[PDB]
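**Q** To be precise about what I am sending: the file is called upload.cif and holds mmCIF, C-alpha atoms and all ligand atoms.
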data_query
loop_
_atom_site.group_PDB
_atom_site.id
_atom_site.type_symbol
_atom_site.label_atom_id
_atom_site.label_comp_id
_atom_site.auth_asym_id
_atom_site.auth_seq_id
_atom_site.Cartn_x
_atom_site.Cartn_y
_atom_site.Cartn_z
ATOM 1 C CA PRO X 101 20.341 -77.586 44.047
ATOM 2 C CA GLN X 102 21.467 -76.086 40.708
ATOM 3 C CA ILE X 103 18.741 -76.710 38.003
ATOM 4 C CA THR X 104 19.581 -76.445 34.245
ATOM 5 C CA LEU X 105 16.823 -75.657 31.644
ATOM 6 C CA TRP X 106 17.233 -78.317 28.896
ATOM 7 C CA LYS X 107 13.971 -79.911 30.254
ATOM 8 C CA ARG X 108 10.983 -78.279 32.091
ATOM 9 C CA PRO X 109 11.966 -77.403 35.795
ATOM 10 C CA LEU X 110 9.423 -79.789 37.412
ATOM 11 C CA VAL X 111 9.578 -80.560 41.177
ATOM 12 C CA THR X 112 7.409 -82.371 43.783
ATOM 13 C CA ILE X 113 5.232 -80.203 46.074
ATOM 14 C CA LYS X 114 3.106 -81.218 49.152
ATOM 15 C CA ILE X 115 -0.184 -79.359 49.896
ATOM 16 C CA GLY X 116 -3.163 -80.641 52.033
ATOM 17 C CA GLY X 117 -1.153 -83.887 52.667
ATOM 18 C CA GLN X 118 -1.026 -84.727 48.978
ATOM 19 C CA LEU X 119 1.980 -84.925 46.601
ATOM 20 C CA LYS X 120 1.716 -83.098 43.213
ATOM 21 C CA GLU X 121 4.083 -82.061 40.384
ATOM 22 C CA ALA X 122 4.642 -78.266 39.717
ATOM 23 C CA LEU X 123 6.725 -75.952 37.463
ATOM 24 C CA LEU X 124 9.349 -73.478 38.969
ATOM 25 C CA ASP X 125 8.382 -70.270 37.052
ATOM 26 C CA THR X 126 10.436 -67.001 37.223
ATOM 27 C CA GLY X 127 7.982 -65.418 34.699
ATOM 28 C CA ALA X 128 4.909 -65.824 37.008
ATOM 29 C CA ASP X 129 4.074 -63.178 39.666
ATOM 30 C CA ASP X 130 1.717 -65.639 41.503
ATOM 31 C CA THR X 131 1.345 -69.381 42.396
ATOM 32 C CA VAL X 132 -1.615 -71.142 40.653
ATOM 33 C CA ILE X 133 -2.792 -74.797 41.171
ATOM 34 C CA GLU X 134 -5.387 -77.047 39.459
ATOM 35 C CA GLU X 135 -8.780 -77.659 41.231
ATOM 36 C CA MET X 136 -8.497 -79.072 44.795
ATOM 37 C CA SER X 137 -10.077 -78.449 48.244
ATOM 38 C CA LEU X 138 -8.396 -75.958 50.704
ATOM 39 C CA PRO X 139 -9.541 -74.748 54.171
ATOM 40 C CA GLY X 140 -10.992 -71.359 55.117
ATOM 41 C CA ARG X 141 -12.503 -68.432 53.224
ATOM 42 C CA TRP X 142 -11.425 -67.293 49.734
ATOM 43 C CA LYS X 143 -11.379 -63.899 47.878
ATOM 44 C CA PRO X 144 -11.811 -63.200 44.099
ATOM 45 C CA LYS X 145 -8.918 -62.573 41.680
ATOM 46 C CA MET X 146 -8.603 -62.233 37.820
ATOM 47 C CA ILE X 147 -5.162 -63.239 36.394
ATOM 48 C CA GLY X 148 -3.798 -62.789 32.844
ATOM 49 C CA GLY X 149 -1.431 -64.724 30.678
ATOM 50 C CA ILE X 150 -0.503 -65.424 27.082
ATOM 51 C CA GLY X 151 -4.161 -66.231 25.745
ATOM 52 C CA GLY X 152 -6.273 -63.933 27.991
ATOM 53 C CA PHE X 153 -7.699 -63.957 31.555
ATOM 54 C CA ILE X 154 -9.132 -66.566 34.010
ATOM 55 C CA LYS X 155 -11.068 -66.192 37.296
ATOM 56 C CA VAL X 156 -9.487 -67.969 40.354
ATOM 57 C CA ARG X 157 -10.040 -68.468 44.133
ATOM 58 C CA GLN X 158 -7.404 -66.712 46.377
ATOM 59 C CA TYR X 159 -6.452 -68.557 49.677
ATOM 60 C CA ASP X 160 -4.021 -66.791 52.092
ATOM 61 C CA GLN X 161 -1.476 -68.287 54.633
ATOM 62 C CA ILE X 162 -1.518 -71.856 53.164
ATOM 63 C CA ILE X 163 1.236 -74.337 54.264
ATOM 64 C CA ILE X 164 3.078 -75.759 51.192
ATOM 65 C CA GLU X 165 6.392 -77.766 50.818
ATOM 66 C CA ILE X 166 8.378 -77.123 47.545
ATOM 67 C CA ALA X 167 11.280 -79.553 46.677
ATOM 68 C CA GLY X 168 11.616 -80.217 50.481
ATOM 69 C CA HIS X 169 11.649 -76.457 51.485
ATOM 70 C CA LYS X 170 8.804 -75.144 53.770
ATOM 71 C CA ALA X 171 6.731 -72.075 52.706
ATOM 72 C CA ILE X 172 3.490 -70.426 54.077
ATOM 73 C CA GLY X 173 1.725 -68.012 51.705
ATOM 74 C CA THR X 174 -0.879 -67.184 49.052
ATOM 75 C CA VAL X 175 -2.161 -69.964 46.663
ATOM 76 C CA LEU X 176 -4.582 -69.378 43.730
ATOM 77 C CA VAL X 177 -6.897 -72.272 42.632
ATOM 78 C CA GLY X 178 -8.674 -72.516 39.220
ATOM 79 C CA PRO X 179 -8.730 -73.718 35.558
ATOM 80 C CA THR X 180 -4.962 -73.535 34.907
ATOM 81 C CA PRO X 181 -3.512 -76.002 32.353
ATOM 82 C CA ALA X 182 -0.567 -76.704 34.793
ATOM 83 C CA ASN X 183 0.538 -76.295 38.484
ATOM 84 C CA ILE X 184 2.891 -73.229 38.654
ATOM 85 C CA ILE X 185 5.151 -71.950 41.536
ATOM 86 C CA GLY X 186 5.590 -68.135 41.046
ATOM 87 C CA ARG X 187 7.830 -65.477 42.557
ATOM 88 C CA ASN X 188 5.757 -65.000 45.790
ATOM 89 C CA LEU X 189 6.905 -68.535 46.933
ATOM 90 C CA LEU X 190 10.250 -68.748 44.972
ATOM 91 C CA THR X 191 11.497 -65.863 47.227
ATOM 92 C CA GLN X 192 10.463 -67.834 50.406
ATOM 93 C CA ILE X 193 12.706 -70.832 49.386
ATOM 94 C CA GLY X 194 15.684 -68.475 48.487
ATOM 95 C CA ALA X 195 15.713 -69.051 44.702
ATOM 96 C CA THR X 196 17.853 -66.942 42.279
ATOM 97 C CA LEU X 197 18.651 -66.962 38.497
ATOM 98 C CA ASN X 198 22.387 -67.126 37.716
ATOM 99 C CA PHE X 199 24.466 -66.835 34.453
ATOM 100 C CA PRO Y 1 25.234 -62.061 37.450
ATOM 101 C CA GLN Y 2 22.913 -63.255 40.219
ATOM 102 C CA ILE Y 3 19.320 -62.061 39.778
ATOM 103 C CA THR Y 4 16.955 -62.045 42.783
ATOM 104 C CA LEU Y 5 13.136 -62.492 42.351
ATOM 105 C CA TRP Y 6 11.691 -59.694 44.567
ATOM 106 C CA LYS Y 7 10.676 -57.923 41.267
ATOM 107 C CA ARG Y 8 10.104 -59.168 37.623
ATOM 108 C CA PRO Y 9 13.485 -60.312 36.098
ATOM 109 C CA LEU Y 10 13.552 -57.863 33.139
ATOM 110 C CA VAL Y 11 16.647 -57.367 30.923
ATOM 111 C CA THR Y 12 17.640 -55.483 27.699
ATOM 112 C CA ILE Y 13 17.802 -57.517 24.453
ATOM 113 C CA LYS Y 14 18.914 -56.692 20.852
ATOM 114 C CA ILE Y 15 16.891 -58.387 18.020
ATOM 115 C CA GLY Y 16 16.509 -57.437 14.355
ATOM 116 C CA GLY Y 17 18.558 -54.255 14.921
ATOM 117 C CA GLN Y 18 16.113 -53.135 17.683
ATOM 118 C CA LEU Y 19 16.580 -52.690 21.464
ATOM 119 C CA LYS Y 20 13.702 -54.139 23.579
ATOM 120 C CA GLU Y 21 12.902 -55.125 27.212
ATOM 121 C CA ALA Y 22 12.090 -58.845 27.927
ATOM 122 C CA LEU Y 23 11.282 -61.213 30.826
ATOM 123 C CA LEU Y 24 13.679 -64.132 31.790
ATOM 124 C CA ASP Y 25 11.041 -66.932 31.960
ATOM 125 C CA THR Y 26 11.903 -70.497 33.234
ATOM 126 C CA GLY Y 27 8.171 -71.514 32.860
ATOM 127 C CA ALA Y 28 8.089 -70.876 29.062
ATOM 128 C CA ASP Y 29 9.144 -73.547 26.467
ATOM 129 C CA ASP Y 30 9.497 -70.872 23.711
ATOM 130 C CA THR Y 31 10.737 -67.268 23.079
ATOM 131 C CA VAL Y 32 7.823 -64.925 22.086
ATOM 132 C CA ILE Y 33 8.156 -61.237 20.927
ATOM 133 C CA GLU Y 34 5.535 -58.549 20.132
ATOM 134 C CA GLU Y 35 4.855 -57.706 16.438
ATOM 135 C CA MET Y 36 7.949 -56.807 14.401
ATOM 136 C CA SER Y 37 9.589 -57.672 11.015
ATOM 137 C CA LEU Y 38 12.341 -60.369 10.816
ATOM 138 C CA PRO Y 39 14.274 -61.633 7.733
ATOM 139 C CA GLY Y 40 13.827 -65.061 6.004
ATOM 140 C CA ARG Y 41 11.063 -67.592 5.806
ATOM 141 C CA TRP Y 42 8.360 -68.342 8.409
ATOM 142 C CA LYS Y 43 5.496 -70.765 9.132
ATOM 143 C CA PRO Y 44 2.299 -70.495 11.224
ATOM 144 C CA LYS Y 45 2.043 -71.975 14.778
ATOM 145 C CA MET Y 46 -0.518 -72.097 17.688
ATOM 146 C CA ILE Y 47 0.943 -71.707 21.243
ATOM 147 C CA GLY Y 48 -0.837 -72.008 24.624
ATOM 148 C CA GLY Y 49 -0.695 -70.647 28.163
ATOM 149 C CA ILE Y 50 -2.918 -69.535 31.057
ATOM 150 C CA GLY Y 51 -6.036 -68.075 29.041
ATOM 151 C CA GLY Y 52 -5.874 -70.338 25.948
ATOM 152 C CA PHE Y 53 -4.026 -70.162 22.574
ATOM 153 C CA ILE Y 54 -2.664 -67.421 20.228
ATOM 154 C CA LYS Y 55 -1.531 -67.685 16.537
ATOM 155 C CA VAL Y 56 2.157 -66.682 15.865
ATOM 156 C CA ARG Y 57 4.772 -66.669 13.035
ATOM 157 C CA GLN Y 58 7.772 -69.049 13.583
ATOM 158 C CA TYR Y 59 11.226 -67.804 12.412
ATOM 159 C CA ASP Y 60 14.226 -70.181 12.662
ATOM 160 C CA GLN Y 61 18.018 -69.390 13.047
ATOM 161 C CA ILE Y 62 17.570 -65.820 14.527
ATOM 162 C CA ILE Y 63 20.501 -64.230 16.398
ATOM 163 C CA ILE Y 64 19.780 -62.362 19.571
ATOM 164 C CA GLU Y 65 21.828 -60.524 22.299
ATOM 165 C CA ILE Y 66 20.498 -61.074 25.891
ATOM 166 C CA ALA Y 67 22.031 -58.880 28.639
ATOM 167 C CA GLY Y 68 25.253 -58.869 26.640
ATOM 168 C CA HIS Y 69 25.342 -62.625 25.773
ATOM 169 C CA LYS Y 70 24.950 -63.834 22.121
ATOM 170 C CA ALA Y 71 22.588 -66.725 21.258
ATOM 171 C CA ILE Y 72 20.848 -68.251 18.160
ATOM 172 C CA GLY Y 73 17.495 -70.115 17.918
ATOM 173 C CA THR Y 74 13.799 -70.061 16.994
ATOM 174 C CA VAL Y 75 11.809 -66.826 17.724
ATOM 175 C CA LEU Y 76 7.950 -66.655 17.653
ATOM 176 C CA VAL Y 77 6.297 -63.302 16.712
ATOM 177 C CA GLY Y 78 2.623 -62.368 17.508
ATOM 178 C CA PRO Y 79 0.079 -60.727 19.867
ATOM 179 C CA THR Y 80 1.791 -61.568 23.198
ATOM 180 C CA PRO Y 81 1.007 -59.181 26.117
ATOM 181 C CA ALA Y 82 4.792 -59.181 27.050
ATOM 182 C CA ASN Y 83 8.178 -60.060 25.431
ATOM 183 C CA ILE Y 84 9.482 -63.377 26.972
ATOM 184 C CA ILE Y 85 12.879 -65.215 26.749
ATOM 185 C CA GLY Y 86 12.041 -68.959 27.193
ATOM 186 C CA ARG Y 87 14.128 -72.090 27.836
ATOM 187 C CA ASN Y 88 15.239 -72.567 24.166
ATOM 188 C CA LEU Y 89 17.468 -69.437 24.542
ATOM 189 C CA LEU Y 90 18.078 -69.426 28.373
ATOM 190 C CA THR Y 91 20.063 -72.723 27.941
ATOM 191 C CA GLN Y 92 22.387 -71.029 25.397
ATOM 192 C CA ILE Y 93 23.479 -68.232 27.852
ATOM 193 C CA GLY Y 94 24.127 -70.828 30.651
ATOM 194 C CA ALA Y 95 21.229 -69.775 32.914
ATOM 195 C CA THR Y 96 20.410 -71.921 35.999
ATOM 196 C CA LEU Y 97 17.914 -71.755 38.943
ATOM 197 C CA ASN Y 98 19.688 -72.051 42.351
ATOM 198 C CA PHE Y 99 18.354 -72.624 45.958
HETATM 199 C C1 LIG P 201 0.632 -67.975 35.573
HETATM 200 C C2 LIG P 201 0.322 -66.485 35.638
HETATM 201 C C3 LIG P 201 0.429 -66.003 37.055
HETATM 202 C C4 LIG P 201 -1.037 -66.220 35.032
HETATM 203 N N1 LIG P 201 1.358 -65.792 34.858
HETATM 204 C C5 LIG P 201 1.636 -65.950 33.523
HETATM 205 O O1 LIG P 201 0.941 -66.635 32.784
HETATM 206 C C6 LIG P 201 2.714 -65.069 32.910
HETATM 207 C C7 LIG P 201 2.070 -63.983 32.074
HETATM 208 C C8 LIG P 201 3.063 -63.060 31.418
HETATM 209 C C9 LIG P 201 2.446 -62.030 30.446
HETATM 210 C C10 LIG P 201 1.967 -62.684 29.137
HETATM 211 C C11 LIG P 201 3.174 -63.276 28.442
HETATM 212 C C12 LIG P 201 3.654 -64.407 29.353
HETATM 213 C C13 LIG P 201 4.159 -63.857 30.674
HETATM 214 C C14 LIG P 201 4.718 -64.948 31.556
HETATM 215 N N2 LIG P 201 3.681 -65.865 32.100
HETATM 216 C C15 LIG P 201 4.295 -66.988 32.797
HETATM 217 C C16 LIG P 201 4.820 -68.084 31.882
HETATM 218 O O2 LIG P 201 5.964 -68.738 32.438
HETATM 219 C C17 LIG P 201 3.737 -69.102 31.440
HETATM 220 C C18 LIG P 201 3.344 -70.118 32.596
HETATM 221 C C19 LIG P 201 2.495 -71.284 32.107
HETATM 222 C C20 LIG P 201 3.030 -72.543 31.979
HETATM 223 C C21 LIG P 201 2.258 -73.598 31.555
HETATM 224 C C22 LIG P 201 0.899 -73.442 31.237
HETATM 225 C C23 LIG P 201 0.365 -72.160 31.370
HETATM 226 C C24 LIG P 201 1.137 -71.110 31.792
HETATM 227 N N3 LIG P 201 4.169 -69.811 30.228
HETATM 228 C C25 LIG P 201 3.671 -69.599 29.013
HETATM 229 O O3 LIG P 201 2.736 -68.777 28.781
HETATM 230 C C26 LIG P 201 4.279 -70.545 27.913
HETATM 231 C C27 LIG P 201 4.270 -69.832 26.493
HETATM 232 C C28 LIG P 201 4.878 -70.805 25.524
HETATM 233 N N4 LIG P 201 6.170 -70.991 25.525
HETATM 234 O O4 LIG P 201 4.165 -71.462 24.679
HETATM 235 N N5 LIG P 201 3.554 -71.900 27.879
HETATM 236 C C29 LIG P 201 4.131 -73.145 27.990
HETATM 237 O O5 LIG P 201 5.419 -73.230 27.922
HETATM 238 C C30 LIG P 201 3.147 -74.248 28.085
HETATM 239 C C31 LIG P 201 3.596 -75.543 28.359
HETATM 240 C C32 LIG P 201 2.630 -76.569 28.393
HETATM 241 C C33 LIG P 201 1.258 -76.324 28.164
HETATM 242 C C34 LIG P 201 0.272 -77.311 28.189
HETATM 243 C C35 LIG P 201 -1.053 -77.014 27.958
HETATM 244 C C36 LIG P 201 -1.439 -75.713 27.692
HETATM 245 C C37 LIG P 201 -0.479 -74.731 27.664
HETATM 246 C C38 LIG P 201 0.877 -75.000 27.895
HETATM 247 N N6 LIG P 201 1.821 -74.008 27.864
HETATM 248 CL CL CL P 202 -15.804 -64.733 41.985
HETATM 249 CL CL CL P 203 15.515 -73.109 19.244
HETATM 250 NA NA NA P 204 15.313 -68.330 9.210
#
Please express what this file holds, its structure, as C-alpha cells.
**A**
Amino acid sequence: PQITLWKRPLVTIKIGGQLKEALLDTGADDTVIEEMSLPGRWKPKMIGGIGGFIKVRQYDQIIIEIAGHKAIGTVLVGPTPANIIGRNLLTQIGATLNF
Amino acid sequence: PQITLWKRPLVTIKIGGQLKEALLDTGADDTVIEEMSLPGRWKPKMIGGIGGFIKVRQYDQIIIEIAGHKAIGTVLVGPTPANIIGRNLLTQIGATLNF
C-alpha cells in the first residue's frame, strides 16, 4: 500500500496468536510493545526517547505479522505508552519513504 | 526521492535563517527543534513520548525548507534530544510510506 500521514499510520499486527494495533515509525531504531508474555530467555536493554529512558526486556527471533507481511526478529517489551514498529522490522517488510 | 530505512532518515532543513539536520519521523504528531530563537508570539505546551513529558514553546505560522521543499506550520522549541520533522509538516511535502 501507499500510506499518507494526515492521520497516525496505525496497522494491525499479530504476535503470540493475538491481534494488536501498532504505529509504523520511521523515527524509531527499534520495535517496542506494551506488556505481554513471550517465549524463551530475555536480555536487558535501556532505550531513550523524548522524555528520558526506560528499561525493557529484549526477545530475539520472534515471529510477528505486520499489515499481512511476515517478519522474524527482535521485539522489546516494557512500559511504552504505545506499540511501535521501528526500522529493524520496517526493512523486513520492504518499507520506504517517498516524496 | 525514495529513502530506504537501513540507516536513520536524516535530511538538511533551513529554519529561522539557520541550517540544521533533522529526522523524518512518521511516529511523531508534532515537529520539535532544539533551543533556538524564532520571531512572533508563543505559548507553553507539554508533549509526551517514550520516557515521559517535556515543556516546550509553541510557535505558529513558521516557514521551513525540508530537503529543498517549502512548508509552513507549527514548530515546538525545547530540550529535545534530537531535531524531528513530524506529520504536521511531512503531509505538506507530500511524503508517503510505501510497501
Ligand atoms: C521508541 C524508541 C525506540 C524509544 N525511539 C524513540 O522514541 C525515538 C527517539 C528519538 C530521539 C528523541 C527525539 C525523538 C526521536 C524519535 N523517537 C521516535 C518517535 O517517533 C516517537 C515514538 C513514540 C510514539 C508514541 C508514544 C511514544 C513514542 N514519537 C514521539 O516522541 C512523539 C513526540 C511528539 N510529537 O509529541 N510522540 C507522539 O506523537 C505521541 C503520541 C501519543 C502519545 C500518547 C501518550 C503518551 C505519549 C504520546 N506521544
Ligand atoms: Cl534488567
Ligand atoms: Cl501545523
Ligand atoms: Na507566529
**Q** Would you mind telling me which residue in X:136, X:164, X:180, X:170 lies nearest to residue 148 in chain X when using all atoms listed in the file?
**A** X:180
**Q** Could you list, as a list in words, every residue within 8 Å of residue 106 in chain X, counting all atoms listed in the file and ignoring same-chain residues fewer than 2 positions away?
**A** residues 104 and 108 of chain X; 87, 88 and 91 of chain Y
**Q** Convert the output of the PyMOL selection byres (((not hetatm)) within 6 of (chain P and resi 201)) on the shown file into explicit residues, formatted as an MDAnalysis selection string.
**A** (chainID X and resid 125 127:130 147:150 181:182) or (chainID Y and resid 25 27:30 47:50 80:82)
**Q** Keeping only C-alpha atoms, write the selected residues as an mmCIF file, in the coordinates of the input.
**A**
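Once written, out_0.cif looks like this:
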data_model
loop_
_atom_site.group_PDB
_atom_site.id
_atom_site.type_symbol
_atom_site.label_atom_id
_atom_site.label_comp_id
_atom_site.auth_asym_id
_atom_site.auth_seq_id
_atom_site.Cartn_x
_atom_site.Cartn_y
_atom_site.Cartn_z
ATOM 1 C CA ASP X 125 8.382 -70.270 37.052
ATOM 2 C CA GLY X 127 7.982 -65.418 34.699
ATOM 3 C CA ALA X 128 4.909 -65.824 37.008
ATOM 4 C CA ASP X 129 4.074 -63.178 39.666
ATOM 5 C CA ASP X 130 1.717 -65.639 41.503
ATOM 6 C CA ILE X 147 -5.162 -63.239 36.394
ATOM 7 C CA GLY X 148 -3.798 -62.789 32.844
ATOM 8 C CA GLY X 149 -1.431 -64.724 30.678
ATOM 9 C CA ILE X 150 -0.503 -65.424 27.082
ATOM 10 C CA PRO X 181 -3.512 -76.002 32.353
ATOM 11 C CA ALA X 182 -0.567 -76.704 34.793
ATOM 12 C CA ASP Y 25 11.041 -66.932 31.960
ATOM 13 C CA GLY Y 27 8.171 -71.514 32.860
ATOM 14 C CA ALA Y 28 8.089 -70.876 29.062
ATOM 15 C CA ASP Y 29 9.144 -73.547 26.467
ATOM 16 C CA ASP Y 30 9.497 -70.872 23.711
ATOM 17 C CA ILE Y 47 0.943 -71.707 21.243
ATOM 18 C CA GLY Y 48 -0.837 -72.008 24.624
ATOM 19 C CA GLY Y 49 -0.695 -70.647 28.163
ATOM 20 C CA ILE Y 50 -2.918 -69.535 31.057
ATOM 21 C CA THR Y 80 1.791 -61.568 23.198
ATOM 22 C CA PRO Y 81 1.007 -59.181 26.117
ATOM 23 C CA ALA Y 82 4.792 -59.181 27.050
#
**Q** Would you mind listing, for every residue of chain Y within 12 Å of ligand CL 203 (chain P), the two atoms forming the shortest contact and the distance between them in Å to one decimal, using only C-alpha atoms and all ligand atoms, sorted by chain and ascending residue number, as CSV?
**A**
residue,atom,partner,partner_atom,distance
Y:29,CA,P:CL203,CL,9.6
Y:30,CA,P:CL203,CL,7.8
Y:31,CA,P:CL203,CL,8.5
Y:32,CA,P:CL203,CL,11.6
Y:58,CA,P:CL203,CL,10.4
Y:59,CA,P:CL203,CL,9.7
Y:60,CA,P:CL203,CL,7.3
Y:61,CA,P:CL203,CL,7.6
Y:62,CA,P:CL203,CL,8.9
Y:63,CA,P:CL203,CL,10.6
Y:64,CA,P:CL203,CL,11.6
Y:71,CA,P:CL203,CL,9.7
Y:72,CA,P:CL203,CL,7.3
Y:73,CA,P:CL203,CL,3.8
Y:74,CA,P:CL203,CL,4.2
Y:75,CA,P:CL203,CL,7.5
Y:76,CA,P:CL203,CL,10.1
Y:85,CA,P:CL203,CL,11.2
Y:86,CA,P:CL203,CL,9.6
Y:87,CA,P:CL203,CL,8.8
Y:88,CA,P:CL203,CL,5.0
Y:89,CA,P:CL203,CL,6.7
Y:90,CA,P:CL203,CL,10.2
Y:91,CA,P:CL203,CL,9.8
Y:92,CA,P:CL203,CL,9.5
**Q** Near chain Y, meaning an atom within 6 Å, which residues of chain X appear when counting all atoms listed in the file? Write them as a count of residues only.
**A** 20
**Q** For the file shown, what are the residues hit by the PyMOL selection byres (((not hetatm)) within 8 of (chain P and resi 202)), laid out as a PyMOL selection string?
**A** chain X and resi 143-145+155-157
**Q** Hey, can you check how far CA of residue 166 in chain X sits from CA of residue 111 in chain X?
**A**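 Straight-line distance from CA of residue 166 in chain X to CA of residue 111 in chain X works out to 7.3 Å.
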**Q** So what do you get for CA of residue 138 in chain X versus CA of residue 116 in chain X, distance-wise?
**A**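 If I compute the distance from CA of residue 138 in chain X to CA of residue 116 in chain X, I get 7.1 Å.
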**Q** With only C-alpha atoms and all ligand atoms as the basis for distance, which of Y:14, Y:37, Y:42, Y:22 is at the shortest distance from ligand NA 204 (chain P)?
**A**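 Looking only at the distances to ligand NA 204 (chain P), the closest residue turns out to be Y:42.
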**Q** To verify the selection step, state as a VMD selection string which residues the PyMOL selection byres (((chain X and resi 112) around 6) and not hetatm) yields on this input.
**A** chain X and resid 111 113 120 to 121 167
**Q** Write out, as a PDB file, in the frame of the given file, the residues just selected, with C-alpha atoms.
**A**
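Now in out21.pdb:
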ATOM      1  CA  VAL X 111       9.578 -80.560  41.177  1.00  0.00           C
ATOM      2  CA  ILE X 113       5.232 -80.203  46.074  1.00  0.00           C
ATOM      3  CA  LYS X 120       1.716 -83.098  43.213  1.00  0.00           C
ATOM      4  CA  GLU X 121       4.083 -82.061  40.384  1.00  0.00           C
ATOM      5  CA  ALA X 167      11.280 -79.553  46.677  1.00  0.00           C
TER       6      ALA X 167
END
**Q** Any idea what the distance is between CA of residue 140 in chain X and CA of residue 165 in chain X?
**A** 19.0 Å
